[PDB]
Every structure is written in C-alpha cells, then in structure tokens.
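Worksheet for the structure shown next.
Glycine gets a Cβ as well: all are built from the backbone with ideal geometry, and neighbour counts include every protein chain shown. What is reported rests on the model, the rules as stated and the sources as named; these are not laboratory values.
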Amino acid sequence: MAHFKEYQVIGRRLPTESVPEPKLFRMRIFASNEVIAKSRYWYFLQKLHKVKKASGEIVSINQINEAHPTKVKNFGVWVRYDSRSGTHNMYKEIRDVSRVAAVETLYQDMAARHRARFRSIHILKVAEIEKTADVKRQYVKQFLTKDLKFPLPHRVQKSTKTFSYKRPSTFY
Amino acid sequence: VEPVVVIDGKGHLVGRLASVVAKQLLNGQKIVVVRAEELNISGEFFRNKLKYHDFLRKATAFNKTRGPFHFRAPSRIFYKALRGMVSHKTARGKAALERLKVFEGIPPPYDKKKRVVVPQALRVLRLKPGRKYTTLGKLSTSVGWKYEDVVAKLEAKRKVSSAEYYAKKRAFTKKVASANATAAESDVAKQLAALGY
Amino acid sequence: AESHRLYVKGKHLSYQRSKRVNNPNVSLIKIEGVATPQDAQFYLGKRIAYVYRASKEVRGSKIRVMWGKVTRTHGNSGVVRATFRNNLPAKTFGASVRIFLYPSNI
Amino acid sequence: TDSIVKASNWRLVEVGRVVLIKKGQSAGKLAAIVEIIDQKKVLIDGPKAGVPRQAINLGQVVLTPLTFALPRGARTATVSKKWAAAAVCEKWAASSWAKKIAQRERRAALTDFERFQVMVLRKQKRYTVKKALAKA
Amino acid sequence: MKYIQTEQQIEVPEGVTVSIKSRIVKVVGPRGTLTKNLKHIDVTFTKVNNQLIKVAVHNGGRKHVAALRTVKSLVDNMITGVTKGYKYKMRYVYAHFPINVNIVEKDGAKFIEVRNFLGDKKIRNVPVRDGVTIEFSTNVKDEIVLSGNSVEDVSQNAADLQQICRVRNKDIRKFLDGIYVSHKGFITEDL
RNA sequence: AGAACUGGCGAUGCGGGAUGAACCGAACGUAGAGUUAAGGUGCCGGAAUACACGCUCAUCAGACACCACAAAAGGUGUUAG
RNA sequence: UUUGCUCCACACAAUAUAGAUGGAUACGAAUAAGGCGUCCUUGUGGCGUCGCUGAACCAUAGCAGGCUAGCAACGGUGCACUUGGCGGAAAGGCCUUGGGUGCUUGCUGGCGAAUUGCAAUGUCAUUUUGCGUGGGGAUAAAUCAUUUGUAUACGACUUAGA
C-alpha cells in the first residue's frame with residue numbers, strides 16, 4: 001500500500017459456556033493495510049489450540065499510531081526466518097528514526113543479503129536502547145557523537161535539457 | 001529551437017554521451033562530437049584491450065567488399081557505437097547519418113561555436129571515490145597509434161592561440177563589468193532591485 | 001522583434017504505432033521546458049497544422065490546408081498527444097511543429 | 001616553511017546548520033539542521049514555516065555557507081522564538097548568494113506590462129558603457 | 001563498518017614542509033628537489049597546527065578504511081629521503097674471476113657497461129634513473145654506492161639490476177657471485 | 001513405460017516473453033475513445049535516465065528455470081548476524 | 001557542330017522540402033574538486049567573490065517594422081572599397097585603423113492603420129540546371145582504324161603519328 005504501520009489485534013476465541021474468557025491474546029502486529037495484519041496474527045500465534053478456526057473474529061480492531069516520530073534513538077528487533085538451508089535467529093541494533101521505520105528498512109536489507117522470503121519473516125518483541133554499556137555495536141556509537149564535522153562528495157543534477165554553461169560537478 | 005546542437009568532448013563518456021542524442025538523431029538533429037582524443041571513461045584501461053579475439057563474423061572473413069562489417073582501427077571506431085543506438089535499417093536512421101556529422105578528433109569548425117553538454121554524458125556525475133582512471137590517449141597508443149606526437153601538438157597550438165585571444169576577450173568586457181556597479185547610482189538600480197533586474 | 005510567431009517550436013517524437021499493431025491516429029508532440037505533467041495543463045485545445053508546402057498554384061502559391069487539435073497529456077515529460085484531423089503521416093517525422101498557445105483557456 | 005592547504009573545503013555539516021529545500025512540498029521554504037542522525041539523510045528543520053520533520057535524502061536538500069550556535073535536539077518550534085538571539089535570516093537576503101533565487105522567482109510573478117517597459121530602464125546605464133568602451 | 005574518519009597524527013618537522021593542493025605533494029629539501037603525482041588513491045590533507053595533520057577519511061568497508069597509513073609511509077620516504085636519504089650499501093661478494101666493470105657515460109644516463117661477466121661477452125646496458133650517484137671501490141674492496149633521493153627511482157631500478165643476469169639452467173648456487181643486498185642503510189650515519 | 005479426471009494444440013487468431021504451432025492472459029463481430037492482468041519504461045520498439053533504502057571489481061562479467069541439469073572438498077576480495 | 005561557355009549583377013517562368021519564423025555564443029585541465037578580480041619577492045600562495053544547471057548574458061517598442069524634423073551627438077549596428085596582420089585535420093574566417101550614404105524609439109510631436117466584414121500551415125526565404133541583352137578574361141581533348149607488342153579470350157594501363 002504505502003508503509004507497514006502498526007495495528008491492535010485482540011482475540012477472545014469463544015467466551016461462551018465452553019471456555020468463559022480464555023486468556024485474551026493480544027500482540028503488536030506490524031503490517032500495511034488491515035488485511036495482512038490479520039493473517040500474520042494467526043501466523044505468529046500458531047500455538048493456539050483445538051477449538052475452531054472458523055471463528056476468526058476481532059475484539060477491537062484499530063490502529064496503533066507511531067509513538068513519537070521525531071524521537072530518534074536506538075532499537076533492536078530479533079530477526080527470524082525459516083529458509084531451505086535451515087533457519088536464522090538474527091538480531092540487529094540499527095539506529096531507527098522512529099519505532100516502525102525499522103521494519104521498513106529491514107525489508108531493504110534482509111532481502112538484499114540472504115534473500116529473505118516474504119512468507120517467512122517473523123516479528124518478535126521490539127527492544128529499546130537508551131544508554132551505552134550494553135551496546136555491542138561500534139558503527140552505531142561512532143556515528144553518535146557531538147559537534148562532528150565531515151565532508152560529503154557526490155551531488156544530484158537531475159536534468160534533461162541539452163544546454164548548460166555550468167559545467168556539471170559534484171560538491172556538497 | 002536551434003538548427004544544429006554541437007556537443008563538446010570536454011570530459012565526456014561514450015555510450016552515455018549519446019543518450020538524449022538518440023532522441024535527436026531520430027528527429028534529424030545535427031549533433032557533432034569534437035575531440036575524439038579527449039575521451040575519458042569511468043572504468044579502466046585494464047579490461048579494455050581484448051577487441052580482436054572476439055570480433056568478426058558473418059560476411060566473408062577475408063574479403064575487401066563483402067567481408068567484415070567495419071570494426072577496425074583503434075578498437076573499431078567511436079563511429080560504430082553511435083549507429084547501434086539509431087534505427088539504421090530504416091530511413092529514420094539513414095537520414096540521421098547525414099545529420100550525424102561525427103568524424104574523428106577535429107571536425108569542421110563546430111567546436112568554435114556552441115559547447116553545450118548533456119547532464120548524463122560526463123563522468124563527473126558518475127564516479128565513485130576510488131574508481132580507477134581511463135585514458136584513450138594511452139589506449140590508442142597501446143595498440144600502436146600513428147599521429148601520437150602530431151595530434152597532441154596540433155591541439156597544443158590551439159590552446160596557446162586561445163590563451164592570447166582570451167586575454168583581450170576578457171579585456172574589453174572588463175570595462176563593462178567595472179561600469180556595471182559604478183553606474184547603478186542613478187535611476188536604474190533604485191526601482192529594478194525589487195522585481196528581478 | 002524581427003519575426004512574428006504565436007506558436008511553440010516543440011520537438012515532435014512520433015505517431016501512433018503500437019507494439020506490433022499499426023493505427024496512425026495519435027501524434028506525440030513534445031514541448032521543451034516542461035518536466036512535469038501538471039504544467040502541461042496550459043497547453044490544451046488548439047489548431048496544429050504540420051509544416052509543409054505544395055507545388056502548383058491552387059490557392060495562391062503552395063498552400064494546402066491541414067488541421068489538428070491538442071489532446072490530453074502523455075508520459076511524464078509533458079508529452080502532448082495532439083492528434084490531427086486525418087492527415088496523420090508516418091514518414092519518419094519528429095520536428096518543431098507549430099503549437100498554438102491557447103485558443104486561450106483564459 | 002609552512003604546509004598551507006589551498007581550498008576544496010566544502011561546507012562541513014555539524015550541530016547547527018541552516019539549509020534550504022529545493023524539491024518537495026516545502027520547496028523554497030527555509031530550513032535548518034539541528035540534530036544529526038547519521039552519515040546519511042540529515043534531519044532538516046524549517047523555522048518560520050511550520051512543518052514536521054521527516055526522512056529526507058541529501059538529494060532534496062543542500063547545505064548553506066552559514067553557521068550558528070545551537071545545541072543538538074530534534075525540535076522545531078524551539079528554533080523559532082529564540083531565533084532572534086542567533087539571527088541569520090537578515091543576512092540571507094543581504095548576501096548575494098540567495099539573490100539569484102528571487103531573481104527568477106519574482107520575475108516570473110511580474111506581468112507583461114512590467115516586463116515590456118524595461119528596455120528604457122536598461123539603456124540609461126548602457127549609454128554610459130558605450131562611451132566607456134572605446135574612449136575609456 | 002564504514003568509518004567516518006581515520007585521522008593520524010603525522011609528525012612533520014620544520015624546514016621540510018609540503019605544499020597541499022588537490023592530490024599533489026611537494027618535496028622541499030636542500031638535497032635535491034623532486035615532485036610526485038598521485039592519481040589513483042585520491043587523498044586530501046588539512047593544516048591545523050603545522051606539524052600534526054588531522055583529516056577525515058571515509059569509506060571503511062572494502063580496501064580503503066585506513067588509506068592514510070599507506071600514504072604516511074610514502075610521506076616519510078619523501079622527508080627522510082631528502083634529509084636522511086637512502087644509501088643502499090650493496091656489496092659485490094664474488095670469486096670466480098676479477099670482473100672488469102666499467103661504467104661509461106651516454107646522454108646523461110650512465111649505462112653500466114659490464115665487460116667479461118663470468119665468461120659472458122654480452123654488453124648489458126642497464127638504464128640508470130636520474131637522482132642517484134653511483135661510485136666504485138675506494139677503501140673497501142667491492143662496494144657500490146646507491147645514494148639516491150627517492151624510493152621508486154632507486155629501489156625500483158635496483159630490483160631490475162639484480163634480476164638482469166637470470167639464467168635458464170644456472171641459478172644461485174652454481175657460483176657464489178650473486179648480487180645481494182647487504183644492509184639497506186641510509187646516507188646519514190647519525191640518522 | 002503403463003490408468004481415471006484434465007486448461008490448450010490437434011481444429012483458434014491478434015498482443016507479449018529477442019526469437020517459439022505445446023506455457024500465462026484471452027474459448028476471434030465491424031470503427032473510435034477510456035479503463036486491468038501478463039509482458040515493460042536508453043535506442044532499435046508505442047514508454048519517466050522518476051524517487052528512496054543495500055551490495056560488487058571478474059583477461060570466461062551478468063540480466064527468466066523447463067529448453068543440450070553439474071556436485072562435493074577450498075581461499076588473505078568485501079558487507080551484515 | 002546555326003558564336004557558345006566561365007566570373008560579378010540576376011526581367012518575366014519550372015524542377016524542390018527528411019521540416020526556416022531572434023540567435024549552431026572558441027580558453028585549457030581537474031572532481032577526496034574550480035573560475036574571475038585585487039595584491040605580491042610570481043607560486044602547487046594568501047584574502048575576497050561566484051556555485052544549489054540555459055528560469056542567467058546579448059537581442060526586442062513603426063503596415064510582415066513605413067514617410068519627416070528637432071534635441072541629446074563625435075558611441076553602437078548593417079551593405080558596398082582600400083591599407084596594415086594571421087591561418088595546413090574538410091584551411092573557405094576573425095579583428096583593427098582611415099572616409100561616404102541610409103538608419104540609430106534616452107526624451108519629446110504630427111501624419112499613415114480600416115471596406116480584409118473576429119482565424120484558415122495566408123507567401124517578402126532556397127538544392128541544381130536550361131532558354132533572351134554584355135561589361136572582363138582565356139584561343140582545347142578522348143575513342144575507333146593503321147603502325148610498334150613489356151600487354152593480349154571480347155576490354156583497360158604502357159604505342160607511333162602536322
């Protein structure tokens with residue numbers, strides 16, 4: 001659609017005479033529209049038990065908005081997927097801009113290295129990094145200093161006109 | 001708008017230089033590339049060498065009339081690369097060849113006029129901080145170039161002559177620029193400095 | 001002004017051929033100075049007549065009337081598919097055709 | 001005997017760097033860099049404009065040769081009321097670095113009546129040049 | 001991990017400072033003045049306190065990373081090559097028969113004309129680059145002075161001068177007449 | 001190699017995968033305009049060198065399996081767990 | 001062989017078109033990078049300015065740019081000559097000095113506009129050649145036949161011949 005947001009999917013199974021108020025399952029599924037998030041909810045929760053699968057109801061479907069988009073810190077999401085050569089329980093600590101943008105950038109990297117299938121990407125708990133010490137990443141702390149200057153080559157010159165006295169160059 | 005568009009070879013590529021040119025040659029626009037000796041590529045001289053081991057068939061592999069189809073002389077000829085981007089089999093490219101007056105090095109005095117460039121023709125907008133350098137002057141010399149110290153000498157004679165011409169060309173226009181700031185105290189820069197003039 | 005002109009000299013591209021199906025009924029006028037389709041909304045609805053001449057004097061010298069009209073937008077570079085009346089050739093065209101700067105919307 | 005480096009020193013980006021948006025919905029509006037994210041997409045910030053920050057690439061924003069003294073923190077409206085302390089917008093319209101932008105912007109807003117009576121507003125100065133081309 | 005900068009404190013004494021523009025470095029020194037072109041690595045220097053040099057080197061995830069150390073070593077070769085120099089004291093340890101080595105002069109190139117080389121009557125005119133003086137034996141038997149003012153102009157030619165008498169059948173243990181480097185010392189004895 | 005059912009070819013075109021009587025879409029009325037999927041967007045060839053996020057240095061480069069299949073054992077070319 | 005052909009000037013008519021409607025505007029080199037101005041002991045120098053593409057400069061005011069005068073002038077632009085330079089890749093151009101004519105909208109008058117009936121690719125441009133006046137300059141070749149035979153299937157190159 002546009003961007004994988006966050007929704008609130010809550011289940012209750014069958015609050016009837018059989019099992020009055022089971023456990024009320026609730027997670028934080030990250031998906032685009034309100035269609036994929038429903039299936040991934042059943043995909044991440046395959047530990048359900050013998051009741052009925054035809055009872056695909058939602059307690060209160062809504063939309064968990066991005067918590068503080070301007071707040072830029074460090075987060076960690078455990079990457080898990082089952083390929084054909086086995087599996088990989090990975091975990092990155094890349095500096096995320098928001099709290100949901102990490103998932104979008106995850107599809108730009110994991111599919112660029114080990115070719116992660118879209119029907120195998122698992123979503124677990126999202127960790128949060130505030131202080132140092134526990135930070136085992138060097139490339140993250142290096143880019144996070146104070147009053148640091150650096151030159152930047154390469155420049156954009158998007159044009160189509162066949163007339164120029166500028167003599168194109170790259171300086172930024 | 002303009003009848004003939006002349007493109008200079010001041011640090012230009014090969015296939016990238018004939019990008020928007022293909023859209024012009026199909027329209028019958030005269031475009032000429034000057035200074036073939038001044039051709040740089042954002043690559044390497046290393047790979048660019050083997051141009052004979054895999055370069056021949058389907059004609060008469062020894063003839064002089066119906067044998068090979070060009071591709072001979074310093075790799076083959078920068079002229080062959082421009083044809084492949086134009087519908088040669090149709091007359092939409094046949095008449096284009098009459099417009100495409102690209103020879104070698106110095107053509108008829110067209111470089112002494114307009115030297116407009118194409119945004120995606122230079123290597124300056126396409127070079128990685130660490131990419132090797134390519135020299136056609138050494139590439140042509142690699143396979144035994146004829147006029148090595150001749151062409152380079154002829155080009156040098158024009159650079160010196162232009163240096164003496166640009167000296168007086170920047171002279172008379174200097175008096176105009178100097179009288180462009182001291183003559184704005186009247187009624188010219190007191191009502192035009194708020195509209196764009 | 002040593003020249004009179006109320007038209008734009010936009011470079012033509014081609015006509016309406018399609019994949020492997022031929023049906024010359026749509027032109028492909030390309031106006032320079034336009035990079036966005038949103039700026040191609042000024043140039044809508046005008047006579048375009050392709051530049052050519054005749055031979056014998058039948059109207060005054062070498063004049064044979066043609067007609068055309070600017071249609072909707074095309075592509076992303078502000079390409080205009082200004083279809084003509086019926087005189088839609090295919091003789092390897094592509095030139096600065098005369099586009100007619102209104103029949104003013106405003 | 002000294003080292004002495006010539007130039008080629010581009011405007012270094014650090015904590016506190018006023019920029020400008022050329023492409024996007026906020027094209028033409030002034031912006032600035034308060035907090036640096038990483039070695040990629042800088043976190044710009046428009047002062048007198050009123051627009052939330054977003055992930056904008058370096059291809060849609062360029063640096064400007066103007067510096068100021070402000071801390072590091074992704075916040076906009078703070079850099080607006082206290083802008084009087086570190087003013088630089090007055091120099092933006094004073095220097096001849098951003099005058100080329102309004103040169104084509106204001107000219108396009110001009111009508112045909114104000115773009116036809118300029119020939120006499122350019123010959124009053126040109127006449128003093130013609131006499132200072134051969135005689136002076 | 002894509003480093004942003006890898007600055008290195010380069011200790012440069014006064015009197016032998018260099019000129020910095022684009023990618024060209026000037027060698028300033030009383031003992032010969034030479035230049036050097038660098039168009040394959042793309043480096044950039046920055047002055048902040050005359051002696052020390054603090055710059056910014058990007059790209060740290062391929063082969064670059066620390067592309068300052070590979071240049072710093074070359075800088076020292078231009079500083080200690082114009083002051084301390086590089087005198088490769090090579091000793092000619094050979095028996096067999098007294099080889100009559102006579103170096104002649106030709107177009108200021110000084111082609112080493114080796115007459116009667118272990119039974120060979122071939123004149124091997126080895127080209128000698130300018131910027132290095134070559135003498136003979138004075139007090140010590142069999143000794144050649146390779147005192148130059150560069151590295152790629154002295155050591156580069158010395159490698160070709162050593163492997164110029166390569167034999168198909170014979171090699172090194174056939175006769176103890178191999179030209180080996182005794183000690184790669186310098187011109188200045190104190191330094 | 002030998003059965004039941006079986007979207008086509010056989011007996012059916014046009015478009016498209018460079019090219020294909022066997023695959024996908026479409027079980028063929030005659031113009032124009034508009035709207036999908038498959039197939040695309042430098043030219044050849046009717047189409048934006050339109051944008052953001054990764055990675056690489058090969059004197060056998062690479063860009064659609066079926067369709068003249070390659071595997072195991074290595075290495076001081078690099079990135080991310 | 002019914003005095004023709006070439007160069008400058010070009011009456012009245014044809015054969016054209018790969019698309020004319022301000023204008024094809026000369027520094028070179030480099031991109032982990034420059035140009036211009038000023039200063040200086042003239043260099044790998046310093047200071048200042050410019051850069052984010054041609055949306056910048058030049059050019060533009062009268063019937064398809066008409067017929068006059070005055071003021072502001074001793075500039076600028078175009079056609080037709082002469083003197084003084086330069087050019088060897090398809091050179092076939094550029095600039096300067098010394099005269100005359102038309103024009104010269106910075107500012108300031110008068111006359112002219114139409115009847116064409118709101119526009120009709122609404123012409124004042126050019127590839128080549130031939131046929132009528134003549135002001136200059138210049139007074140020619142090849143093939144067949146025959147002869148010589150280095151050449152020779154029928155041809156061509158090398159023959160002789162006032």
Top-ranked residue in the range B:126-150 [being under 16 Å from the mean Cα position of the chain (by Cα) and either part of a helix (DSSP H, G or I) or of a type outside the set (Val, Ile, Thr) (or both); ranked as nearest to RNA strand F (Cβ to nearest atom)]: B:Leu136
Counting only residues in the range B:73-90 that are assigned to a loop (DSSP other than H, G, I, E, B) and either closer than 14 Å to B:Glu37 by Cα or not assigned by CATH to the domain that holds B:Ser140 (or both), the one nearest to RNA strand F (Cβ to nearest atom) is identified as B:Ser75
Picking from A:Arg137, A:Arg95, which residue would you name as being in contact with a helix residue (DSSP H, G or I) (Cβ under 7 Å, 6 or more places away or on another chain) and surrounded by 10 or more Cβ atoms within 10 Å (Cβ to Cβ)? A:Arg95
Among strands (runs of 3 or more DSSP E) entirely inside the range D:1-103, those with 1 or more residues being facing another protein chain (nearest Cβ under 9 Å) and out of contact with any helix residue (DSSP H, G or I) (no Cβ under 8 Å at 6 or more places or on another chain) are D:61-67
Would you check if A:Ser120 is surrounded by 11 or more Cβ atoms within 10 Å (Cβ to Cβ) and within 9 Å of another protein chain (Cβ to nearest Cβ)? no
I need the full set of residues from the range C:9-27 which are at the interface with chain B (Cβ under 10 Å from one of its Cβ atoms) and either in contact with a helix residue (DSSP H, G or I) (Cβ under 8 Å, 6 or more places away or on another chain) or surrounded by 15 or more Cβ atoms within 10 Å (Cβ to Cβ) (or both), in order please. C:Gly10, C:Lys11, C:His12, C:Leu13, C:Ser14
What's the number of the condition E:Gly81 fails, among (1) in contact with a helix residue (DSSP H, G or I) (Cβ under 8 Å, 6 or more places away or on another chain); (2) assigned by CATH to the domain that holds E:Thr17? (1)
Has the range A:78-97 got at least one residue that is in a loop (DSSP other than H, G, I, E, B), of a type in the set (A, V, I, L, M, F, W, C) and not assigned by CATH to the domain that holds A:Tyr43? yes
Within the range B:90-98, is even one residue within 8 Å of RNA strand G (Cβ to nearest atom), surrounded by 13 or more Cβ atoms within 10 Å (Cβ to Cβ), among the aliphatic types (A, V, I, L, M) and away from chain C (no Cβ under 14 Å)? no
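Table: residues versus (1) under 30 Å from E:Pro30 (Cβ atoms); (2) in the same structural domain as E:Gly15 (by CATH); (3) β-branched (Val, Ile, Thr).
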{"site": "E:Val93", "(1), (2), (3)": "no, no, yes"}
{"site": "E:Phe97", "(1), (2), (3)": "no, no, no"}
{"site": "E:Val101", "(1), (2), (3)": "no, no, yes"}
{"site": "E:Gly108", "(1), (2), (3)": "yes, no, no"}
{"site": "E:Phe111", "(1), (2), (3)": "yes, no, no"}
{"site": "E:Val114", "(1), (2), (3)": "no, no, yes"}
{"site": "E:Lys121", "(1), (2), (3)": "no, no, no"}
Consider the range D:104-135. How many of its residues are assigned to a helix (DSSP H, G or I), hydroxyl-bearing (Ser, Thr, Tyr) and either under 30 Å from the mean Cα position of the chain (by Cα) or more than 7 Å from RNA strand G (Cβ to nearest atom) (or both)? 1
Filter the range A:60-96 for residues that are in contact with a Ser or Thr (Cβ under 6 Å, 6 or more places away or on another chain) and more than 14 Å from chain D (Cβ to nearest Cβ); which is nearest to RNA strand F (Cβ to nearest atom)? A:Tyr81
Which one is nearest to C:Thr71 (Cα to Cα) among residues in the range C:28-59 that are among the basic types (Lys, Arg) and surrounded by fewer than 17 Cβ atoms within 10 Å (Cβ to Cβ)? C:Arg53
Would you check if there is a residue in the range E:136-144 being aromatic (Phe, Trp, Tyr) and either within 22 Å of the chain's Cα centre (by Cα) or in a loop (DSSP other than H, G, I, E, B) (or both)? yes
Mind checking whether some residue in the range E:57-70 is loosely packed, with under 15 Cβ neighbours inside 10 Å and in a helix (DSSP H, G or I)? yes
Quick test of your reading of the structure: C:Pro37 fulfils all but one of (1) farther than 30 Å from D:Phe116 by Cα; (2) over 12 Å from the mean Cα position of the chain (by Cα). Name the failing condition by number. (1)
Within the range C:53-106, how many residues turn out to be within 12 Å of RNA strand F (Cβ to nearest atom) and outside any loop (DSSP other than H, G, I, E, B)? 5
